[PDB]
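**Student:** Okay, here's the structure, questions in a sec.
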Amino acid sequence: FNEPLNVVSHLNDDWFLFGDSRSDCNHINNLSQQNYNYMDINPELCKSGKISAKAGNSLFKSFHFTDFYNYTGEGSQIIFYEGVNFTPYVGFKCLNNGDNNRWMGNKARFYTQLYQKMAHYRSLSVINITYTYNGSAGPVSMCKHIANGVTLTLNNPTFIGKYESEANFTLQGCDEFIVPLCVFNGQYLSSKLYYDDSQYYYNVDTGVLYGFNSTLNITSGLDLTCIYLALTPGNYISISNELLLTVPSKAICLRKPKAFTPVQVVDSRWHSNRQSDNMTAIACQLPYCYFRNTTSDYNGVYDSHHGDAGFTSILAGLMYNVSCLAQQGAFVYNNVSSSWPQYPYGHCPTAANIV
Amino acid sequence: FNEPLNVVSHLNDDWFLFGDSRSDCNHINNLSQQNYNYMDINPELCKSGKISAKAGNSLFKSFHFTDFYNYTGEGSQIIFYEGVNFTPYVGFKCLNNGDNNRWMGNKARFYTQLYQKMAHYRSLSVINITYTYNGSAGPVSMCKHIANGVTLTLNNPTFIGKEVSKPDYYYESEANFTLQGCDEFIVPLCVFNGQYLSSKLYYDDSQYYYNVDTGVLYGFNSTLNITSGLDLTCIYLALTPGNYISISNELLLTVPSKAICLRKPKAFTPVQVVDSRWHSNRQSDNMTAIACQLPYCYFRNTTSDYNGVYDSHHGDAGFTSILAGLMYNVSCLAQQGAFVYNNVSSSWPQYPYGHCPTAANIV
Ligand SMILES: *[C@@H]1O[C@H](CO)[C@@H](O[C@@H]2O[C@H](CO)[C@@H](O[C@@H]3O[C@H](CO[C@H]4O[C@H](CO[C@H]5O[C@H](CO)[C@@H](O)[C@H](O)[C@@H]5O[C@H]5O[C@H](CO)[C@@H](O)[C@H](O)[C@@H]5O)[C@@H](O)[C@H](O[C@H]5O[C@H](CO)[C@@H](O)[C@H](O)[C@@H]5O)[C@@H]4O)[C@@H](O)[C@H](O[C@H]4O[C@H](CO)[C@@H](O)[C@H](O)[C@@H]4O)[C@@H]3O)[C@H](O)[C@H]2NC(C)=O)[C@H](O)[C@H]1NC(C)=O
Ligand SMILES: *[C@@H]1O[C@H](CO)[C@@H](O[C@@H]2O[C@H](CO)[C@@H](O[C@@H]3O[C@H](CO[C@H]4O[C@H](CO)[C@@H](O)[C@H](O)[C@@H]4O)[C@@H](O)[C@H](O[C@H]4O[C@H](CO)[C@@H](O)[C@H](O)[C@@H]4O)[C@@H]3O)[C@H](O)[C@H]2NC(C)=O)[C@H](O)[C@H]1NC(C)=O
Ligand SMILES: *[C@@H]1O[C@H](CO)[C@@H](O[C@@H]2O[C@H](CO)[C@@H](O)[C@H](O)[C@H]2NC(C)=O)[C@H](O)[C@H]1NC(C)=O
Ligand SMILES: *[C@@H]1O[C@H](CO)[C@@H](O[C@@H]2O[C@H](CO)[C@@H](O)[C@H](O)[C@H]2NC(C)=O)[C@H](O)[C@H]1NC(C)=O
Ligand SMILES: *[C@@H]1O[C@H](CO)[C@@H](O[C@@H]2O[C@H](CO)[C@@H](O)[C@H](O)[C@H]2NC(C)=O)[C@H](O)[C@H]1NC(C)=O
Ligand SMILES: *[C@@H]1O[C@H](CO)[C@@H](O[C@@H]2O[C@H](CO)[C@@H](O)[C@H](O)[C@H]2NC(C)=O)[C@H](O)[C@H]1NC(C)=O
Ligand SMILES: *[C@@H]1O[C@H](CO)[C@@H](O[C@@H]2O[C@H](CO)[C@@H](O)[C@H](O)[C@H]2NC(C)=O)[C@H](O)[C@H]1NC(C)=O
Ligand SMILES: *[C@@H]1O[C@H](CO)[C@@H](O[C@@H]2O[C@H](CO)[C@@H](O)[C@H](O)[C@H]2NC(C)=O)[C@H](O)[C@H]1NC(C)=O
Ligand SMILES: *[C@@H]1O[C@H](CO)[C@@H](O[C@@H]2O[C@H](CO)[C@@H](O)[C@H](O)[C@H]2NC(C)=O)[C@H](O)[C@H]1NC(C)=O
Ligand SMILES: *[C@@H]1O[C@H](CO)[C@@H](O[C@@H]2O[C@H](CO)[C@@H](O)[C@H](O)[C@H]2NC(C)=O)[C@H](O)[C@H]1NC(C)=O
Ligand SMILES: *[C@@H]1O[C@H](CO)[C@@H](O)[C@H](O)[C@H]1NC(C)=O
Ligand SMILES: *[C@@H]1O[C@H](CO)[C@@H](O)[C@H](O)[C@H]1NC(C)=O
Ligand SMILES: *[C@@H]1O[C@H](CO)[C@@H](O)[C@H](O)[C@H]1NC(C)=O
Ligand SMILES: *[C@@H]1O[C@H](CO)[C@@H](O)[C@H](O)[C@H]1NC(C)=O
Ligand SMILES: *[C@@H]1O[C@H](CO)[C@@H](O)[C@H](O)[C@H]1NC(C)=O
Ligand code: NA
Ligand code: NA
C-alpha cells in the first residue's frame with residue numbers, strides 16, 4: 001500500500017510544467033498525422049493553462065539561441081520535462097575547432113542555477129536585455145553551427161565586433177535575473193596559442209564585481225565557457241579589458257518569492273540511436289530537486305522519439321494530486337507506507353508499525 | 001501524544017555542538033565558584049567528545065579576531081549555540097567614525113554562509129592562510145576597538161600598510177595565497193566603505209580575489225552610497241582549493257588570514273541553531289536568525305528573557321530546556337520542533353528531517 005510512485009505530480013492545483021514537443025499541444029497543427037500520440041502528457045491537460053512547451057525547444061536553447069520560445073509560467077510546484085533539444089546529438093560548438101563537451105558543461109551549469117532558483121520563486125519568464133555602448137562597433141554572430149540540416153545561432157551573450165570595451169545594461173522588473181558570463185577558452189588549432197579573453201560584470205550600485213578570464217589550461221578545442229550568475233535589479237557595466245566585449249541579451253526573470261518548494265525534473269532524452277546526456281541529472285540535486293526517469297530506452301510510438309509508454313507513465317501523475325513528494329517518488333496518501341519518505345515535501349506518511 | 005518539542009537533538013549519536021561559555025566544560029577551571037550552573041548543557045555531555053566550545057568566543061569572533069579559538073568538529077547533525085560574544089553590546093567598529101551596524105551585516109552574512117555549508121559537510125575547522133608578497137610593506141592592525149574593558153583586534157583579513165615614507169611605486173598591490181587541505185574554504189572579501197571624518201569625501205577601496213587556475217574573479221569596490229560611518233564591509237566567499245591572487249588595484253591591499261575549512265561531504269542534513277543572546281540588560285541581535293533559514297537550518301528560541309542563575313547571562317532554565325534534547329535521540333527534526341516518535345502526532349512535521357510521524361486520522 002502507498003508505495004512511492006515513479007511520477008511527477010502536485011499537492012494541489014498550483015503547479016506548472018515547462019516542456020518541449022512531448023508536452024506541446026499546439027504542435028499537432030504542424031504535423032501531417034494529426035493526433036496527440038507524439039505527446040507524453042495526457043491531452044486533457046491541454047486546456048489546464050499550466051503548460052509552457054514548444055516543439056523543438058528547451059529552456060537552455062531559448063536562453064542562448066535565436067530559435068527562441070518565450071517560456072513563461074507561474075506556480076508553487078514547478079516541473080520540467082525538457083532538455084533533449086540541446087544534446088550531443090545536436091552537436092553544437094561555436095567554431096569548427098570547438099567542443100561540444102564545453103556546451104554540455106554550460107548546460108549543466110545553466111540548469112543547476114535554474115532548478116535551484118525555481119525552488120524559491122513562483123514565476124519564470126525570459127526577458128530581453130538592452131545595452132548602451134559609446135562606439136560604432138555592432139553585434140556579430142561569432143558562435144554558430146550547422147548540424148542535422150538545422151543552423152543554430154547563439155545570440156546570448158551578444159558579441160560586439162571590433163574599440164570601446166565596455167557597455168552598460170540595466171536589470172529591472174524581476175527579483176533576480178539569470179544571465180550568462182562567458183569567455184572563449186582554448187588554443188587555436190593551427191597555431192596552438194591560447195585565446196585571450198576577459199569579461200567582467202560590475203554592479204555600479206553595490207560595487208560587486210563578477211569576472212571570468214581565459215586561462216592556459218589544457219582543454220584542447222576553442223569554445224565558449226559560460227557561468228550563470230543570479231543577479232539583482234540594478235545598473236551594471238560589462239567590461240572586457242580591451243578584449244572581446246560580450247553583454248547579456250536575455251535573462252531568466254525570476255519573480256514572486258515563495259517558501260522553499262522543490263522542483264521536479266523528468267529525464268529528457270532521445271531514443272538511443274541518438275546521443276543524449278545526463279546534464280540535467282547533474283543539475284537536479286537534493287533538497288531542491290527531484291529527478292524522475294524510466295528504466296528503459298525511449299521507445300516512441302509516434303516516431304522513435306515521441307510517445308513513450310514509460311515517460312507517459314511518469315507524466316501521468318499530473319492528472320491527480322498526491323500527498324507528498326520525495327526522493328524515491330510520490331506518495332499518493334498521507335497516512336502509512338512501507339517505506340520512509342526521503343527528503344519529503346508535503347503531508348507525508350509514516351512507515352512505522354501502527355500498534 | 002508526540003507533540004513537537006522545543007529542543008535541539010539528534011537522530012543518532014553522530015552529532016556535534018559548537019558553543020561558548022554556556023557549553024564550555026573547561027571554563028569551570030577559571031571560575032571562583034566551581035560548579036556547572038553557568039552551563040545551559042547537561043554536564044554529563046562533557047565527556048561525549050561532541051563539543052567544541054570556548055568561553056568568551058564565537059565562530060565569527062575566532063574567524064575575524066586575534067582572540068582565537070580553533071573551533072573544530074565533525075558530525076552528521078550539526079548544532080550551534082553561539083554568537084552572543086559578538087553583539088551590539090560588544091560594540092565593535094574598525095574606527096572611531098565606524099559603525100556597528102556594518103558589523104551586524106557582516107555577522108549575518110558570515111553565518112548565512114556557514115549554516116548553508118554545514119548542511120553539506122561533516123567537518124569544520126579554522127585554518128590559517130599565509131601569503132607571499134614581493135614588497136617591503138607589512139601587516140597593520142587597521143581595525144580595532146576598545147569597549148567593556150576588552151580590546152578587540154581584527155586580524156582577518158590582513159591589511160598591508162603602505163609605507164608613506166617610501167615612493168608610491170614601492171607599494172605592491174597584490175599578494176598570492178594558496179587554499180589547500182579542504183573541500184571548500186570560507187574566506188572574507190572586504191572593503192572600507194563610507195565618508196572620512198569631517199569630510200564629504202568617500203573612502204576609495206578595491207579588493208579582488210582571482211583564481212589563477214580557473215580564471216574566476218570575485219571583486220568588491222567601495223561606492224559612494226550614503227551609509228553612516230566609515231567601516232569594513234565584508235562578503236563571505238566559499239572558495240575551492242587552488243592558487244589565488246589578492247589584488248587591490250593600487251589601493252589598500254587585504255588578504256585572508258583565516259578560513260573555515262569545510263571537509264567530508266554528506267547528503268543534505270539541516271543544521272540546528274539556538275538563539276544566542278544576553279540577558280536583556282545587554283543589547284543582543286537577531287543576525288543568526290536572519291542566517292538560519294529553511295530548508296538548511298532550524299532555529300530554536302525560548303519565549304522569555306535570558307535569566308541566568310549563575311549570573312544574569314549564564315544558566316537559563318528555558319535555554320537549558322532547549323539544550324536538554326542533546327541527551328536523547330529523536331525520530332524527526334522539523335521547523336516547529338523535534339518529534340520524539342516516528343509514528344503519529346497531532347501536527348504535521350514541517351520541512352522534516354528523519355523518520356517522521358503522520359498526523360492523518362488512522363482508520
Ligand atoms: C530581525 O530583527 C529585525 C529588527 O527588529 C526585524 O526587522 C523588523 O521586522 C519588523 C517586523 O516585521 C518590521 O516591522 C514593520 O515595520 C514597518 C515599517 O517599516 C519601516 O519603518 C521602520 C521605522 O523606521 C523609522 O525609524 C528609523 C529610526 O530608527 C529611521 O531609520 C527610519 O528612517 C524611520 O524614521 C522615519 O519614520 C519615523 C516614523 O516611522 C519618523 O518618526 C522619523 O522621523 C522618520 O521620518 C524602518 O526600520 C523600516 O526599515 C526597514 O525596511 C526598509 C525598506 O523596506 C529597509 O531599507 C530598512 O533597512 C529596514 O529593513 C521601514 O522603513 C511597519 O509598517 C510594519 O507595520 C505592520 O505591522 C505592524 C506590526 O507591528 C502593525 O502595527 C501595522 O499595523 C502594520 O500591519 C511593521 O511594524 C520592521 O520594519 C523591521 N525592522 C528593521 C530594522 O528591519 C527582522 O524581521 C528580524 N528577522 C528575523 C529573522 O527575526
Ligand atoms: C527569542 O525570543 C525572545 C523572547 O521572546 C525574543 O525577545 C524579544 O525581543 C523582541 C524584539 O527585539 C522584543 O519585542 C519588543 O517589545 C518591546 C516592549 O516589550 C517590553 O516588555 C518585555 C516583556 O514583554 C520586556 O522584556 C522588555 O524589556 C520590554 O520593555 C517593544 O517596544 C518593541 O517594539 C519595537 O519593535 C516593533 C516590531 O517591529 C516595532 O513595531 C516598534 O515600533 C518598536 O521598534 C518590540 O516589539 C521583546 O521585548 C523581547 N521579549 C523578551 C521576553 O525579552 C527574541 O527577539 C527572540 N529572538 C529572535 C532572534 O527572534
Ligand atoms: C487537486 O486539487 C485541486 C485543489 O487543490 C483541484 O483544483 C481545482 O481544479 C479546478 C478545475 O476546473 C479549478 O477550477 C479549481 O479552482 C481548483 N480548486 C481549488 C480549490 O483550487 C484539482 O481539481 C484536484 N485534482 C483532481 C484530479 O481532483
Ligand atoms: C555607463 O554608465 C557610466 C556610469 O554611470 C557612465 O559614466 C558616467 O557618464 C557621465 C556622462 O558621460 C559622466 O558625467 C560621469 O563622469 C560618468 N561616471 C563614471 C562613474 O564614470 C557612462 O557614460 C555610461 N556609458 C554608456 C556607454 O552609456
Ligand atoms: C583579466 O584579463 C584582463 C585582460 O587580459 C587583464 O587586464 C590586462 O592585464 C594585462 C597583464 O597584466 C595588462 O598588460 C593589460 O594592461 C591589462 N589590461 C587592462 C585593461 O587592465 C586582467 O588583469 C585580468 N584580471 C586578472 C585579475 O588577472
Ligand atoms: C535514465 O534511465 C536510463 C535507462 O535505464 C539510463 O540509461 C542507461 O544507463 C545505463 C547506466 O549508464 C547504461 O548502461 C544503459 O545502457 C542505459 N540504458 C538505456 C536503455 O539507454 C539513463 O542513463 C538514465 N538517465 C540518467 C540521467 O541517469
Ligand atoms: C585547527 O585545527 C585543524 C584540525 O585539527 C588544523 O588543521 C591541521 O593543520 C595542519 C598544519 O596546518 C595540517 O597539515 C593538517 O592537514 C590539518 N589537519 C586536518 C585534519 O585538516 C589547523 O591548522 C588548526 N588551526 C590552527 C590555526 O592552529
Ligand atoms: C596561526 O596564526 C597564529 C597567530 O596568527 C600563530 O600563533 C603565533 O605563533 C608565533 C610563533 O609561531 C608566536 O610567537 C605567537 O605568540 C603566536 N601568536 C598568537 C596570537 O598565538 C599560530 O602559530 C598559527 N598556527 C599555525 C598552525 O600556523
Ligand atoms: C575598482 O576599483 C579600482 C581602483 O579604483 C579600479 O581600477 C582603476 O580604475 C580607474 C577608474 O576607472 C582607472 O583610472 C585605473 O586605471 C584603474 N586602476 C588600476 C590600477 O587598475 C577598477 O576599475 C574598479 N573596478 C571596476 C570594475 O570598476
Ligand atoms: C490511508 O488512507 C487511505 C485513503 O483514504 C485509506 O483507504 C481507505 O480505507 C477505507 C477503509 O477500508 C476504504 O473503505 C476506502 O475505500 C479506502 N480508500 C482507498 C483509496 O484505498 C486507508 O485505510 C488509510 N490507511 C490507514 C491505515 O488509515
Ligand atoms: C515573455 O513574456 C513575458 C510575459 O508576457 C514578458 O513580460 C516578456 O517581455 C516576454 N519576453 C520577451 C523576450 O519578449
Ligand atoms: C553523468 O554521467 C557520468 C559518466 O558518463 C557519471 O560519471 C556521472 O555520475 C553522471 N551523473 C549523474 C548525476 O547521473
Ligand atoms: C507510537 O509509538 C509508541 C512508542 O514506540 C507507542 O507506545 C505508541 O502506541 C505508538 N502509537 C501508535 C498509534 O502506533
Ligand atoms: C604569484 O603567482 C604568479 C604566478 O601566477 C608568479 O609569477 C608570482 O611570482 C607570484 N607572486 C608571489 C609573491 O608569489
Ligand atoms: C541514540 O542512538 C544511538 C544509536 O542510534 C545510541 O547508541 C545512543 O545511546 C542513543 N542515545 C540514547 C540516549 O538512547
Ligand atoms: Na569578453
Ligand atoms: Na582593498
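Each chain in the C-alpha cells gets a letter, A, B, ..., in the order shown, and its residues are numbered from 1; ligands are numbered from 1 in order too.
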Tell me the residues of chain B close to chain A, meaning within 8 Å using only C-alpha atoms, as a PyMOL selection string.

**Tutor:** chain B and resi 212-223+225+268+294-295+342-344+348-349+351-353+355-362

**Student:** For ligand 7, collect every residue having any atom at a distance of at most 9 Å from a ligand atom (counting only C-alpha atoms and all ligand atoms); output as a list in words.

**Tutor:**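 Selection of residues at most 9 Å from ligand 7: residues 68, 69, 70, 71, 72, 73, 124, 125, 126, 127, 128, 129, 180, 181, 182, 258, 261 and 263 of chain B.
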
**Student:** Name all residues at most 8 Å from residue 278 (chain B) (count only C-alpha atoms; drop same-chain ones fewer than 6 positions away) and give them as a list in words.

**Tutor:**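 Residues meeting the cut-off are residues 84, 284, 306 and 313 of chain B.
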
**Student:** Next, the residues of the selection above should be written as a CSV table (one decimal), in the first residue's frame with C-alpha atoms.

**Tutor:**
```csv
chain,number,residue,atom,x,y,z
B,84,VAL,CA,26.4,36.3,21.7
B,284,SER,CA,21.7,41.4,21.5
B,306,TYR,CA,17.7,35.1,29.3
B,313,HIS,CA,24.0,35.8,31.5
```

**Student:** Neighbours of region 310-327 of chain A within 9 Å (only C-alpha atoms; same-chain residues fewer than 3 positions away dropped), as a PyMOL selection string?

**Tutor:** chain A and resi 4-13+15+39-42+44-45+81+262+266-267+286-287+289-299+307+330-335+341-349

**Student:** Would you list the residues that come within 12 Å of ligand 16? Count only C-alpha atoms and all ligand atoms and give the answer as an mmCIF file with N, CA, C and O atoms, in the first residue's frame.

**Tutor:**
```cif
data_model
loop_
_atom_site.group_PDB
_atom_site.id
_atom_site.type_symbol
_atom_site.label_atom_id
_atom_site.label_comp_id
_atom_site.auth_asym_id
_atom_site.auth_seq_id
_atom_site.Cartn_x
_atom_site.Cartn_y
_atom_site.Cartn_z
ATOM 1 N N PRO A 157 25.419 35.386 -24.866
ATOM 2 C CA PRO A 157 25.517 36.851 -24.888
ATOM 3 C C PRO A 157 25.715 37.395 -26.279
ATOM 4 O O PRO A 157 25.964 36.633 -27.231
ATOM 5 N N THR A 158 25.597 38.708 -26.379
ATOM 6 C CA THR A 158 25.921 39.446 -27.582
ATOM 7 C C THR A 158 27.425 39.622 -27.652
ATOM 8 O O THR A 158 28.071 39.891 -26.624
ATOM 9 N N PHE A 159 27.993 39.433 -28.838
ATOM 10 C CA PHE A 159 29.391 39.759 -29.077
ATOM 11 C C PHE A 159 29.446 41.068 -29.858
ATOM 12 O O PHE A 159 28.795 41.199 -30.876
ATOM 13 N N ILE A 160 30.247 42.010 -29.385
ATOM 14 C CA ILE A 160 30.434 43.294 -30.050
ATOM 15 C C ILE A 160 31.744 43.245 -30.808
ATOM 16 O O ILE A 160 32.821 43.136 -30.217
ATOM 17 N N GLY A 161 31.636 43.276 -32.135
ATOM 18 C CA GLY A 161 32.794 43.108 -33.013
ATOM 19 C C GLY A 161 33.648 44.363 -32.963
ATOM 20 O O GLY A 161 33.216 45.353 -32.405
ATOM 21 N N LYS A 162 34.842 44.340 -33.556
ATOM 22 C CA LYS A 162 35.866 45.364 -33.306
ATOM 23 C C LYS A 162 36.040 46.323 -34.470
ATOM 24 O O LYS A 162 35.072 46.739 -35.083
ATOM 25 N N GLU A 164 35.555 50.547 -28.025
ATOM 26 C CA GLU A 164 35.201 50.695 -26.615
ATOM 27 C C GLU A 164 35.009 49.278 -26.040
ATOM 28 O O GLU A 164 34.342 48.422 -26.659
ATOM 29 N N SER A 165 35.618 48.999 -24.884
ATOM 30 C CA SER A 165 35.486 47.671 -24.298
ATOM 31 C C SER A 165 34.626 47.702 -23.023
ATOM 32 O O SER A 165 34.844 46.932 -22.089
ATOM 33 N N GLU A 166 33.615 48.567 -23.023
ATOM 34 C CA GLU A 166 32.543 48.435 -22.049
ATOM 35 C C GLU A 166 31.196 48.860 -22.542
ATOM 36 O O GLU A 166 31.077 49.612 -23.522
ATOM 37 N N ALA A 167 30.172 48.337 -21.865
ATOM 38 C CA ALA A 167 28.781 48.615 -22.216
ATOM 39 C C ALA A 167 27.954 48.576 -20.956
ATOM 40 O O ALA A 167 28.226 47.781 -20.049
ATOM 41 N N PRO A 180 24.209 34.917 -18.467
ATOM 42 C CA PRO A 180 25.452 34.200 -18.726
ATOM 43 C C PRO A 180 26.653 35.129 -18.693
ATOM 44 O O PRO A 180 26.585 36.242 -19.225
ATOM 45 N N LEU A 181 27.736 34.688 -18.061
ATOM 46 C CA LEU A 181 29.032 35.373 -18.123
ATOM 47 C C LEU A 181 29.983 34.404 -18.773
ATOM 48 O O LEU A 181 30.261 33.345 -18.216
ATOM 49 N N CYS A 182 30.455 34.732 -19.966
ATOM 50 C CA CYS A 182 31.199 33.750 -20.798
ATOM 51 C C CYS A 182 32.494 34.304 -21.354
ATOM 52 O O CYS A 182 32.602 35.500 -21.615
ATOM 53 N N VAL A 183 33.469 33.422 -21.542
ATOM 54 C CA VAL A 183 34.683 33.753 -22.296
ATOM 55 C C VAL A 183 34.994 32.606 -23.231
ATOM 56 O O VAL A 183 34.690 31.443 -22.932
ATOM 57 N N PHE A 184 35.633 32.930 -24.342
ATOM 58 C CA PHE A 184 36.295 31.893 -25.137
ATOM 59 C C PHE A 184 37.537 31.408 -24.397
ATOM 60 O O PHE A 184 38.271 32.205 -23.815
ATOM 61 N N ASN A 185 37.747 30.092 -24.432
ATOM 62 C CA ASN A 185 38.855 29.407 -23.775
ATOM 63 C C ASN A 185 39.364 28.278 -24.643
ATOM 64 O O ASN A 185 38.575 27.478 -25.144
ATOM 65 N N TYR A 195 43.703 31.378 -26.761
ATOM 66 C CA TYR A 195 42.917 32.580 -26.998
ATOM 67 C C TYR A 195 42.810 33.426 -25.734
ATOM 68 O O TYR A 195 42.594 32.901 -24.638
ATOM 69 N N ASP A 196 42.942 34.736 -25.907
ATOM 70 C CA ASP A 196 42.921 35.687 -24.808
ATOM 71 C C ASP A 196 41.557 36.389 -24.704
ATOM 72 O O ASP A 196 41.158 37.131 -25.616
ATOM 73 N N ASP A 197 40.827 36.147 -23.613
ATOM 74 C CA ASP A 197 39.516 36.785 -23.416
ATOM 75 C C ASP A 197 39.367 37.196 -21.974
ATOM 76 O O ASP A 197 40.028 36.667 -21.088
ATOM 77 N N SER A 198 38.483 38.149 -21.736
ATOM 78 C CA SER A 198 38.219 38.635 -20.385
ATOM 79 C C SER A 198 36.807 39.155 -20.383
ATOM 80 O O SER A 198 36.385 39.771 -21.372
ATOM 81 N N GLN A 199 36.063 38.909 -19.308
ATOM 82 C CA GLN A 199 34.733 39.502 -19.194
ATOM 83 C C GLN A 199 34.323 39.719 -17.731
ATOM 84 O O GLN A 199 34.306 38.770 -16.943
ATOM 85 N N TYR A 200 34.041 40.970 -17.388
ATOM 86 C CA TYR A 200 33.589 41.366 -16.041
ATOM 87 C C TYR A 200 32.175 41.931 -16.118
ATOM 88 O O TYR A 200 31.858 42.653 -17.063
ATOM 89 N N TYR A 201 31.336 41.614 -15.134
ATOM 90 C CA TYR A 201 30.067 42.335 -14.931
ATOM 91 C C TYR A 201 30.145 42.996 -13.546
ATOM 92 O O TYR A 201 30.354 42.330 -12.519
ATOM 93 N N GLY A 211 33.877 38.357 -12.412
ATOM 94 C CA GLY A 211 34.672 38.255 -13.622
ATOM 95 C C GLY A 211 35.132 36.856 -14.022
ATOM 96 O O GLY A 211 35.150 35.919 -13.222
ATOM 97 N N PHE A 212 35.568 36.753 -15.272
ATOM 98 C CA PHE A 212 35.984 35.475 -15.851
ATOM 99 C C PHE A 212 37.002 35.770 -16.939
ATOM 100 O O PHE A 212 36.693 36.473 -17.905
ATOM 101 N N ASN A 213 38.229 35.292 -16.742
ATOM 102 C CA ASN A 213 39.279 35.428 -17.728
ATOM 103 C C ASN A 213 39.640 34.075 -18.312
ATOM 104 O O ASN A 213 39.528 33.063 -17.633
ATOM 105 N N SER A 214 40.099 34.059 -19.563
ATOM 106 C CA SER A 214 40.558 32.830 -20.155
ATOM 107 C C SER A 214 41.864 32.432 -19.497
ATOM 108 O O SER A 214 42.606 33.268 -18.994
ATOM 109 N N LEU A 224 33.229 28.476 -26.180
ATOM 110 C CA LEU A 224 32.691 29.419 -25.213
ATOM 111 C C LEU A 224 32.333 28.714 -23.891
ATOM 112 O O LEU A 224 31.490 27.819 -23.872
ATOM 113 N N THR A 225 32.995 29.112 -22.803
ATOM 114 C CA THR A 225 32.691 28.617 -21.467
ATOM 115 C C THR A 225 31.834 29.668 -20.770
ATOM 116 O O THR A 225 32.241 30.811 -20.664
ATOM 117 N N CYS A 226 30.655 29.272 -20.302
ATOM 118 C CA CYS A 226 29.771 30.201 -19.626
ATOM 119 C C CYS A 226 29.563 29.817 -18.167
ATOM 120 O O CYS A 226 29.404 28.623 -17.818
ATOM 121 N N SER A 238 29.326 46.026 -18.298
ATOM 122 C CA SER A 238 30.034 44.880 -18.849
ATOM 123 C C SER A 238 31.387 45.366 -19.363
ATOM 124 O O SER A 238 31.446 46.321 -20.144
ATOM 125 N N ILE A 239 32.462 44.731 -18.915
ATOM 126 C CA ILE A 239 33.820 45.230 -19.172
ATOM 127 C C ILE A 239 34.722 44.116 -19.654
ATOM 128 O O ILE A 239 34.835 43.079 -18.994
ATOM 129 N N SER A 240 35.385 44.325 -20.791
ATOM 130 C CA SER A 240 36.205 43.249 -21.362
ATOM 131 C C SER A 240 37.693 43.547 -21.376
ATOM 132 O O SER A 240 38.457 42.788 -21.958
ATOM 133 N N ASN A 241 38.096 44.660 -20.766
ATOM 134 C CA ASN A 241 39.509 44.992 -20.581
ATOM 135 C C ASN A 241 40.298 44.959 -21.873
ATOM 136 O O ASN A 241 41.360 44.346 -21.953
ATOM 137 N N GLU A 242 39.725 45.611 -22.886
ATOM 138 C CA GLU A 242 40.314 45.748 -24.211
ATOM 139 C C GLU A 242 40.305 44.461 -25.056
ATOM 140 O O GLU A 242 40.857 44.441 -26.162
ATOM 141 N N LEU A 243 39.640 43.411 -24.580
ATOM 142 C CA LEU A 243 39.474 42.182 -25.361
ATOM 143 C C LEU A 243 38.026 42.112 -25.835
ATOM 144 O O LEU A 243 37.293 43.093 -25.719
ATOM 145 N N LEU A 244 37.606 40.977 -26.376
ATOM 146 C CA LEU A 244 36.268 40.873 -26.973
ATOM 147 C C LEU A 244 35.153 41.201 -25.982
ATOM 148 O O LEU A 244 35.050 40.562 -24.924
ATOM 149 N N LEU A 245 34.303 42.173 -26.323
ATOM 150 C CA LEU A 245 33.253 42.576 -25.424
ATOM 151 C C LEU A 245 32.010 41.730 -25.631
ATOM 152 O O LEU A 245 31.512 41.640 -26.751
ATOM 153 N N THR A 246 31.520 41.108 -24.556
ATOM 154 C CA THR A 246 30.217 40.448 -24.549
ATOM 155 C C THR A 246 29.285 41.091 -23.534
ATOM 156 O O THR A 246 29.712 41.623 -22.520
ATOM 157 N N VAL A 247 27.993 41.012 -23.806
ATOM 158 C CA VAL A 247 26.997 41.576 -22.921
ATOM 159 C C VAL A 247 25.744 40.701 -23.020
ATOM 160 O O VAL A 247 25.408 40.245 -24.093
ATOM 161 N N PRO A 248 25.056 40.466 -21.902
ATOM 162 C CA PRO A 248 23.854 39.631 -21.971
ATOM 163 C C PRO A 248 22.783 40.237 -22.876
ATOM 164 O O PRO A 248 22.628 41.473 -22.898
#
```

**Student:** For the helix (DSSP H, G or I) assignment from backbone DSSP, which residues of region 307-340 of chain A qualify? Please present them as number ranges by chain.

**Tutor:** A: 309-319

**Student:** So what do you get for CA of residue 288 (chain B) versus atom 66 (C, counted along the ligand's line) of ligand 1, distance-wise?

**Tutor:**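 Computing it gives 21.6 Å between the two atoms.
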
**Student:** Mind checking which residues fall within 9 Å of region 171-173 of chain A, counting only C-alpha atoms, ignoring those fewer than 2 positions away in the same chain, and posting them as a list in words?

**Tutor:**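 So the residues in contact are residues 129, 169, 175, 176, 177, 231, 232, 233, 234, 235, 236, 251, 253 and 255 of chain A.
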
**Student:** Taking only C-alpha atoms into account, name the residue in A:300, A:19, A:105, A:138 that is nearest to residue 279 (chain A).

**Tutor:** A:105

**Student:** Can you pull out the residues contacting residue 63 (chain B)? Cut-off 7 Å, using only C-alpha atoms, and skip same-chain residues under 3 positions away; I want them as a PyMOL selection string.

**Tutor:** chain B and resi 59-60+156+258

**Student:** Please produce a file of those selected residues containing N, CA and C atoms, as a PDB file, in the first residue's frame.

**Tutor:**
```pdb
ATOM      1  N   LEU B  59      32.119  31.505  16.658  1.00  0.00           N
ATOM      2  CA  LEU B  59      32.709  31.216  15.358  1.00  0.00           C
ATOM      3  C   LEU B  59      33.126  32.515  14.624  1.00  0.00           C
ATOM      4  N   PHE B  60      32.232  33.502  14.578  1.00  0.00           N
ATOM      5  CA  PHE B  60      32.504  34.796  13.899  1.00  0.00           C
ATOM      6  C   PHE B  60      33.718  35.477  14.519  1.00  0.00           C
ATOM      7  N   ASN B 156      41.704  39.271  10.478  1.00  0.00           N
ATOM      8  CA  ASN B 156      41.239  38.662   9.235  1.00  0.00           C
ATOM      9  C   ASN B 156      40.179  39.542   8.577  1.00  0.00           C
ATOM     10  N   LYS B 258      42.624  33.767   7.726  1.00  0.00           N
ATOM     11  CA  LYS B 258      41.955  32.572   8.230  1.00  0.00           C
ATOM     12  C   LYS B 258      40.793  32.189   7.311  1.00  0.00           C
TER      13      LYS B 258
END
```

**Student:** At a cut-off of 7 Å and counting only C-alpha atoms and all ligand atoms, what residues surround ligand 4? Please answer as JSON, numbers by chain.

**Tutor:** {"A": [132, 133, 134, 166, 167, 168, 237]}

**Student:** Counting only C-alpha atoms and all ligand atoms, name the residues that have an atom within 9 Å of an atom of ligand 14; the answer should be given as an MDAnalysis selection string.

**Tutor:** chainID B and resid 131:135 174:177 212:213 243:245

**Student:** Work out how far CA of residue 277 (chain A) is from atom 7 (O, counted along the ligand's line) of ligand 12, in Å to one decimal.

**Tutor:**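 About the pair atom 7 (O, counted along the ligand's line) of ligand 12 and CA of residue 277 (chain A): they are 11.0 Å apart.
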